[PDB]
Every structure is written in structure tokens, then in C-alpha cells.
Amino acid sequence: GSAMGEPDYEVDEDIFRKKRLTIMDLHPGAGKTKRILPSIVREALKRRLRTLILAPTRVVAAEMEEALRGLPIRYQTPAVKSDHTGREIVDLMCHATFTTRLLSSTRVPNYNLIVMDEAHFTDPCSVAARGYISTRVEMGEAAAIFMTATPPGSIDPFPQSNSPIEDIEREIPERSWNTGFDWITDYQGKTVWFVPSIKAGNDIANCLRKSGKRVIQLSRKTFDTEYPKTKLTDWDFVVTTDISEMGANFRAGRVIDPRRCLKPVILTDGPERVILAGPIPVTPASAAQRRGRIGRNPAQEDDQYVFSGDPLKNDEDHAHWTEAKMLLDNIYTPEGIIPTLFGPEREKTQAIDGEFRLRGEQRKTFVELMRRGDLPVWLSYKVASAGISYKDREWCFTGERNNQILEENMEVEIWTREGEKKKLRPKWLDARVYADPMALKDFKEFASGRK
RNA sequence: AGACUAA
Ligand SMILES: Nc1ncnc2c1ncn2[C@@H]1O[C@H](COP(=O)(O)OP(=O)(O)NP(=O)(O)O)[C@@H](O)[C@H]1O
Ligand SMILES: [Cl-]
Ligand SMILES: [Mn+2]
């Protein structure tokens with residue numbers, strides 16, 4: 001038994017048995033990351049198990065380090081510093097980092113125990129990782145624990161909380177507002193506001209600041225400076241992307257959740273391509289995770305979740321289910337077997353088993369395009385599978401007439417590293433590389449041969 | 001779009 005936030009002395013021996021995959025589906029704020037996890041890691045260390053701990057984001061990694069501080073853990077995330085003797089038998093890294101390692105030249109340690117926090121995360125690397133882990137368990141090579149308040153097959157957007165939550169449906173602004181949204185700025189406590197993009201966040205964040213509100217903006221771009229400020233440190237609003245959707249302990253009073261998101265979609269009608277669809281409603285799991293950021297303190301009983309609209313459970317057109325198979329078809333176990341997707345995540349797309357496996361140089365290029373080229377999984381797969389070498393950018397100019405990329409209604413031109421002027425007209429279209437002007441800027445550098 | 005950045 002346990003008290004006071006401290007990890008339990010008593011840990012179920014069952015969870016360490018090879019072939020055991022344990023699902024810990026406790027509600028948000030139950031203590032998965034900060035109470036249960038450290039008790040498991042302590043017991044793993046006693047059992048001398050080579051252990052891997054996986055966090056979906058640096059926000060979750062940061063939470064874990066708070067819980068695990070003082071224990072012999074090798075942190076393999078920029079979110080955390082620093083040990084490090086090299087003799088640690090416990091590693092901690094992000095979901096996507098692990099999948100990167102699996103696809104790379106370096107081999108992963110043979111972990112006896114794998115702990116995946118937020119094991120519902122629909123990022124394609126996280127899905128592919130779950131495939132690998134459940135295969136390692138099934139083969140009897142490891143024991144694994146999947147922790148999440150919203151396991152796959154979750155439908156309930158309003159789960160149990162530590163403290164009562166007042167759920168309120170209201171219209172929520174997507175852009176700056178002049179008037180008519182007084183409930184936003186009249187609230188006295190601390191608010192966490194989820195935004196679908198950094199750009200949307202910027203606009204909302206500056207609009208709050210002209211009211212004298214202290215606003216902290218959180219995303220992949222500002223995490224390093226700004227996350228400690230959510231901890232130290234008094235503020236009014238956190239305007240955040242989904243970087244904060246899981247695991248965050250903001251000690252806040254209110255969540256504002258427009259329940260909207262853009263979604264990449266693979267289009268099959270005509271030449272295959274990726275578009276950015278929406279904004280569309282979020283999934284029930286995302287809604288529940290976002291809501292879960294409040295009602296976390298039983299001593300604080302008046303927390304609010306302000307949301308707009310219903311969630312949309314059907315995300316079978318989201319490119320992530322295909323992109324997960326593209327990654328997993330190119331991952332192996334030392335015994336030779338290509339992993340299959342974790343059970344509840346099978347047949348989200350229609351197969352085909354091994355359809356995406358790449359041979360020889362094609363696999364290395366595939367990985368390079370993602371890691372060095374910063375290209376999406378789908379686009380990297382398309383280029384690699386065409387037998388194109390990483391440095392060969394001819395494909396950026398040889399697309400059909402319809403594939404010409406426009407910016408401010410003008411045909412995008414590229415000056416190559418050799419000094420040719422060519423119209424940007426890629427053989428494959430993925431909106432993720434051209435929709436946002438910052439993404440387009442990076443894709444232009446790629447096309448130029450400067451990446 | 002959002003997330004990741006390892007040996
Ligand atoms: N630094 C802190 N100070 C006070 N309370 C905290 C702190 N960190 C966490 N808590 C509380 O400890 C409880 C357990 O937190 P945690 O282990 O993050 O829960 P969890 O089950 O992982 N939640 P989630 O990730 O939302 O599914 C919650 O009630 C938190 O509000
Ligand atoms: Cl909290
Ligand atoms: Mn957690």
C-alpha cells in the first residue's frame with residue numbers, strides 16, 4: 001500500500017512476466033505517470049530488467065523526470081538533462097525516437113520490460129512502436145505495460161476525474177475577437193486553451209495579451225523555454241497545441257477546447273495524394289485527454305471544461321493508419337519477423353500485409369527522407385519506393401501540370417544549388433509540405449538541394 | 001497540421 005503521492009512498496013509480480021502485456025487504463029490524474037510508473041521502475045531495477053520507458057511528447061517526458069528523479073535512468077530526450085554514466089539499465093525516450101532507432105543503423109537494446117505511457121497516441125510512429133512491442137511480448141522476449149486513460153476503442157469524452165468538473169458547451173473563437181466573448185477574460189483562474197496550430201495559437205495569445213492577461217504559449221517550438229514557466233511561476237493562460245494534450249499537470253482551473261483539428265488524408269480518387277482536411281472534430285480520446293488536464297485536484301472543486309461541438313470517433317481516413325504500416329513494414333525483430341500492429345489497431349486500413357516493405361537502399365533512403373529531409377512518412381515512402389536516391393531532387397520538378405505549387409497565387413520557382421531556375425512541381429503531392437508557409441519554406445530548401 | 005530529434 002501507499003500514501004502521499006509516493007509509489008507503492010508493493011508491485012504485482014505478474015506485470016514482469018514475459019508474454020504479459022498489461023493495460024493500465026486508469027482515469028486521468030489517477031497516478032499512472034507519477035505514482036505507478038516509479039513503483040514499476042524501482043521494482044524493474046531490483047529484478048535487473050533492461051527497461052525502456054516511452055513518453056509521447058517532451059511534456060510527458062518532463063512529468064516522468066519529476067517522478068523518477070534520483071533513479072539511475074538514461075534520458076534520451078532533449079527535454080531532460082543530465083546524468084550519465086552509460087551503465088544505466090533503464091532508458092527513457094519519446095515514442096517517435098524509439099521508432100526512429102528501430103528504423104536506423106543502430107540496434108536497440110534487448111529490453112526485457114517496455115513501459116509505454118499514453119499507449120493510445122495515434123501518431124504513426126507511436127502506432128508502429130506498439131506493433132513492435134506487442135510482437136516482442138507475443139514472441140516471449142519481453143513484458144510490456146501500456147498506460148492510458150483512453151485505450152483504443154475509447155468512446156467516452158467525459159471520464160472520471162479526481163475532482164468534479166463542470167462541463168460547459170459554448171461557442172469558442174478560432175481567431176481574434178473584438179467583442180462578445182467576455183466569459184473568456186472575466187474568468188478569475190488559470191486557463192489551458194488548446195489550439196489546432198501554432199499560428200492559430202499566436203493570434204489567440206496576442207488577443208489575450210491586449211487585455212493584460214499573462215499568456216504562455218506552448219508547442220514544439222517553444223517547449224524548452226516555456227514549459228518551466230508553466231511550473232515556477234504564475235500565469236493566466238496557457239495557449240497550447242496538442243503537445244500538452246496528454247499527461248500535463250498544469251494546476252489549472254479551466255480548459256477551453258474547441259475540439260477541432262486538421263487531419264492529413266490520403267486521397268485515392270485519381271493520382272494518390274495527401275491533403276489537409278478540416279478543421280474536423282477531434283476524437284473522443286483527444287476530447288477526454290484535453291478535459292483531463294483539469295479536475296485533477298480533489299481540494300479544488302470548481303474546475304471547468306468549456307468545449308464546442310461533438311467529437312468524431314471515425315478517423316479511418318487519417319493518413320496515420322497507413323503511415324504506421326509504412327514504418328512497421330520496415331521494422332524487424334532480431335529473429336527475423338516483421339511486427340504486426342497491436343491488436344485493437346488492426347484493419348483500420350485495408351492491409352495488405354507487407355505491402356510497404358522496402359529493399360536495400362530504398363529503406364535507407366526512406367529513413368533519410370524523414371530524418372534529414374524532414375518529409376512526411378507518406379511522401380518519403382513514395383520517393384524511396386520509386387528507387388530515387390536521397391540527394392536526387394529531380395522528382396520535385398517532374399510532376400504533372402496540376403502539381404505546380406502556388407504561393408500568394410504565383411507559381412513557386414526554385415533556384416537550385418547548381419543555379420537552375422525551376423518551377424516547383426513535385427511528382428507526389430503532400431499538402432503537409434506546402435500548405436503552411438513555414439513548411440513550404442522548408443520544402444523549397446529541400447527542392448533547392450540545401451537540405 | 002500536430003508530434004519526435006536518438007546511438
Ligand atoms: N507537481 C505536482 N504537485 C502537486 N500535485 C501533482 C504534481 N504532479 C502531479 N500531481 C497530481 O498527482 C495526481 C497524479 O498525477 P499523474 O501521475 O500525472 O496522473 P496520470 O494518471 O498519469 N494522469 P493522465 O496522464 O492525465 O492520464 C494528479 O492528481 C495530479 O494533479
Ligand atoms: Cl494538475
Ligand atoms: Mn500521465
Side-chain angles (χ1 to χ4, degrees), chain A residues 52-62 74-81 84 86 88 91-109 111 116-118 120-129 174 194-202 217-224 227 239-248 258 260-266 274-283 286 289-290 315 317-320 323-324 327 367-380 430-440 442-443:
Chain A
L52 176 69
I53 308 165
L54 307 166
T57 65
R58 288 174 289 164
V59 165
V60 176
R74 172 82 180 268
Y75 293 90
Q76 306 184 38
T77 176
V80 186
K81 26 68 154 271
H84 77 110
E88 290 89 2
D91 303 323
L92 193 152
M93 71 187 75
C94 286
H95 294 196
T97 310
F98 184 54
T99 294
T100 298
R101 300 267 284 94
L102 291 176
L103 290 162
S104 78
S105 76
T106 62
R107 282 129 32 206
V108 289
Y111 300 109
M116 178 182 275
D117 197 11
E118 309 297 343
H120 70 278
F121 192 31
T122 61
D123 173 296
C125 288
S126 183
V127 175
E174 299 170 77
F194 290 89
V195 292
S197 79
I198 293 154
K199 154 254 259 293
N202 297 329
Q217 303 180 62
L218 276 170
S219 76
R220 74 170 183 274
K221 287 184 178 189
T222 64
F223 166 92
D224 288 325
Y227 201 66
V239 164
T240 176
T241 66
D242 293 340
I243 197 176
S244 301
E245 175 170 297
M246 292 151 294
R260 310 219 74 80
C261 60
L262 270 45
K263 159 179 80 186
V265 171
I266 299 166
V274 179
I275 64 149
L276 279 161
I280 64 140
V282 298
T283 63
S286 282
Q289 290 289 356
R290 289 178 185 189
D315 73 341
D317 61 342
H318 196 305
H320 58 43
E323 289 183 318
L327 302 176
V367 161
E368 207 168 353
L369 292 161
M370 288 181 302
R371 273 37 266 166
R372 305 229 275 114
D374 309 304
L375 302 184
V377 178
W378 178 89
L379 187 56
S380 295
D430 187 320
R432 297 168 284 188
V433 306
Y434 66 71
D436 185 85
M438 293 299 278
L440 187 46
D442 291 337
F443 187 57

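To find a chain, count down the sequence lines: A is the first, B the second, and so on, and within it residues start at 1.
- Between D374(A) atom CG and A1(B) atom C1' the separation is 15 Å, expressed in whole Å.
- Residue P196(A) is classed as a sugar-phosphate contact, given heavy-atom separations below 4.0 Å to backbone atoms only.
- Comparing atom distances between the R432(A) side chain and each of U5(B), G2(B), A1(B) picks out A1(B) as nearest.
- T222(A) places a side-chain N or O within donor-acceptor distance of the main-chain N or O of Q217(A), the cut-off being under 3.5 Å.
- For the pair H120(A) NE2 and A3(B) P, the interatomic distance rounds to 15 Å; values are reported in whole Å.
- Across all strands, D242(A) comes closer than 4.0 Å only to sugar-phosphate atoms, never to a base (heavy-atom distances).
- Side-chain nitrogen and oxygen atoms of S126(A) include none within less than 4.0 Å of the OP1 or OP2 phosphate oxygen of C4(B).
- Applying the side chain to side chain contact (heavy atoms under 4.5 Å, CB included) test to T283(A) and every residue at least two apart in sequence or in another chain returns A285(A), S286(A), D315(A).
- Annotation: of the two residues near RNA chain B, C261(A) and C94(A), the 5′-most nearest-nucleotide partner is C261(A).
- Panel note: side chain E245(A), backbone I243(A); no donor-acceptor pair is recorded below 3.5 Å.
- Residues satisfying the side chain to side chain contact (heavy atoms under 4.5 Å, CB included) criterion with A61(A), sequence neighbours excluded, are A55(A), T77(A), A79(A), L92(A).
- Here the side chain of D436(A) is nearest to one of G2(B), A1(B), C4(B), namely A1(B).
- Each of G2(B), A1(B), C4(B) was ranked by its minimum atom distance to the side chain of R58(A); first place goes to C4(B).
- Spacing between atom CG of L327(A) and atom P of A3(B) amounts to 18 Å, rounded to whole angstrom units.
- If you check distances only, the side chain of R101(A) never reaches the base of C4(B) with a donor-acceptor pair under 3.5 Å.
- Panel note: side chain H320(A), backbone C125(A); no donor-acceptor pair is recorded below 3.5 Å.
- Remark: side-chain polar atoms of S380(A) are not paired, donor with acceptor, to backbone N or O of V377(A) under 3.5 angstrom.
- Within 4.0 Å of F121(A), counting heavy atoms only, lie sugar-phosphate atoms of the nucleic acid but no base atom.
- Put simply, CE on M370(A) is 18 Å from P on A3(B), counting in whole angstrom units.
- Distance, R290(A) CZ to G2(B) P: 12 Å, rounded to whole Å.
- Computed from coordinates, the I243(A) CD1 to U5(B) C1' distance equals 12 Å when rounded to whole Å.
- The NZ atom of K221(A) sits 15 Å away from the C1' atom of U5(B) (whole-angstrom rounding).
- Among the protein residues, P279(A) comes within range of no part of the nucleic acid, since none of its heavy atoms lies under 4.0 Å from any strand.
- Of the side-chain N and O atoms in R371(A), none sit less than 4.0 angstrom from OP1 or OP2 of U5(B).
- Proximity of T99(A) to the phosphate of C4(B): no side-chain N or O atom is located under 4.0 Å from OP1 or OP2.
- Taking atom CG on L369(A) and atom P on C4(B), their separation rounds to 22 Å, with Å as the unit.
- Among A1(B), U5(B), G2(B), the nucleotide with an atom closest to any side-chain atom of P78(A) is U5(B).
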